[PDB]
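The structure under discussion appears below in the form of structure tokens.
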Amino acid sequence: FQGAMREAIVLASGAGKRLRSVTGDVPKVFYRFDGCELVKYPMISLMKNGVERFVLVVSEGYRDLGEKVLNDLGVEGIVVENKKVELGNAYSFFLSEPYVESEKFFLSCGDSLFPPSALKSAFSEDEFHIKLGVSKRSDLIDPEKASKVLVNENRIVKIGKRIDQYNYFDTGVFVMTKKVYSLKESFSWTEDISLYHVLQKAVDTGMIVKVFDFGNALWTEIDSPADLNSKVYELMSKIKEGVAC
Ligand SMILES: O=[As](O)(O)C[C@@H](O)[C@H](O)[C@@H](O)C(O)O
Ligand code: NA
Ligand code: NA
Ligand code: NA
Ligand code: NA
Ligand code: NA
Ligand code: NA
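Sequential numbering of the sequence shown, starting at -3, is according to the entry's author numbering.
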């Protein structure tokens, strides 16, 4: 009982302010690094895990760019425009609700870089509302960029940026279920809400919040010019194997 998940939500609506010196006017998610748009790398790893439909969330004004990404990869999807980018990536996630056609689906940040085997342990049909991809592998990640997770067995105990006890990093990849959308009304929406804050709220409201381990898979989040290096280029090469991105 390991079932493939055919659908993924990909969040591709951030500014990418810290990478502006490299990307200029173009949002980092649609800028090419090693010859593919950054957003294509998590999309390809998800397609290599059986995903066949994306809900791609972009900022107001980039529908075209989102559509080109889907055409290029030859994959089905719908592009959804986010008119409130200042409400954070939790808002980008809650926007996807009307568009999702499955009970259980992947969610990935459009700037999380990971190879297809990172998701190998994500397929257990166990009981959960959220399952976060976590890793201890830290050679690539900037530990100021990733949120930190205290895990006991496979449960999230606590999660955030400034937490004083933690054993894993949040990779920006998740398995979500439709029950997660019921948290949309639990925030005031007068300030930016991050996805890790949604997980912390899930724990605080009695949901089952679990993790799957990336194990030894190379992974990172691309936020600043200093995240780009030879090891990241070799991870991009790996993800693109056998694909004209
Ligand atoms: O992908 As998460 O770390 O769960 C939440 C993301 O929204 C947050 O904005 C980032 O700072 C992140 O990297 O922590
Ligand atoms: Na990010
Ligand atoms: Na542990
Ligand atoms: Na549900
Ligand atoms: Na937050
Ligand atoms: Na944040
Ligand atoms: Na890993």
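Built from N, CA and C at the ideal position, the CB exists for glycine as well.
query                                                                                                                                                     : result
Is any heavy atom in ligand 1 found nearer than 6 Å to the beta carbon of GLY168?                                                                         : yes
Taking the alpha carbon of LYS141 as the point to measure from, which residue in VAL147, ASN148, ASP107 has its own alpha carbon closest?                 : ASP107
Let me know the secondary structure DSSP gives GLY168 once reduced to three states.                                                                       : strand
Under 5 Å from any heavy atom of ligand 4, by CB: list those residues in chain order, please.                                                             : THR173, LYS174, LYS175
Rounded C-beta distance between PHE89 and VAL130? I'm assuming under 8 Å.                                                                                 : 18 Å between Cβ atoms; not a contact.
In whole angstroms, what separates the C-alpha of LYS174 from that of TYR58?                                                                              : 26 Å
Around the Cβ of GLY168, are there at least 16 other Cβ atoms within 10 angstroms (buried) or fewer (exposed)?                                            : buried
Do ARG2 and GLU48 have their beta-carbon atoms positioned less than 7 Å apart in this structure?                                                          : yes
Which of the three DSSP states, helix, strand or coil, is assigned to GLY(-1)?                                                                            : coil
Could you tell me whether any non-hydrogen atom of ligand 6 is closer than 6 Å to the CB of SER182?                                                       : no
Per DSSP, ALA8 forms a beta bridge with which residues?                                                                                                   : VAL54
Just how far apart, CA to CA, sit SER220 and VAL18?                                                                                                       : 9 Å
Could you round the C-beta distance between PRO38 and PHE110 to whole angstroms and report it? I think they count as a contact, below 8 Å.                : 7 Å
Starting from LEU103, follow the beta strand (DSSP E) in both directions and report where the run begins and ends.                                        : 100 to 105
Which whole-angstrom value describes the C-beta separation of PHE50 and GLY73, a residue pair presumed to lie in contact below a C-beta threshold of 8 Å? : 4 Å
Apply the 10 Å Cβ neighbour rule to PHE208 and answer buried if 16 or more other Cβ atoms are within range, or exposed otherwise.                         : buried
With burial defined as no fewer than 16 other Cβ atoms inside 10 Å of the residue's Cβ, what is the status of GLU217: buried or exposed?                  : buried
What is the rounded straight-line gap between the Cα of residue 255 and the Cα of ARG158?                                                                 : Not covered by the structure: residue 255. The range shown for the chain is -3 to 241.
Would you decide whether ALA222 is buried or exposed? Buried here means 16 or more other CB atoms lie within 10 Å of its CB.                              : exposed
Inspect the CB distances between the region 176 to 193 and the region 90 to 97 and report whether three or more fall short of 8 Å.                        : yes
Could you check if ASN163 belongs to the surroundings of ligand 3, using beta carbon to heavy atom distance under 6 Å?                                    : yes
Is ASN67 buried or exposed, if buried means 16 or more other CB atoms sit within 10 Å of its CB?                                                          : exposed
With 16 as the cutoff for other CB atoms within 10 Å, does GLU33 come out buried or exposed?                                                              : buried
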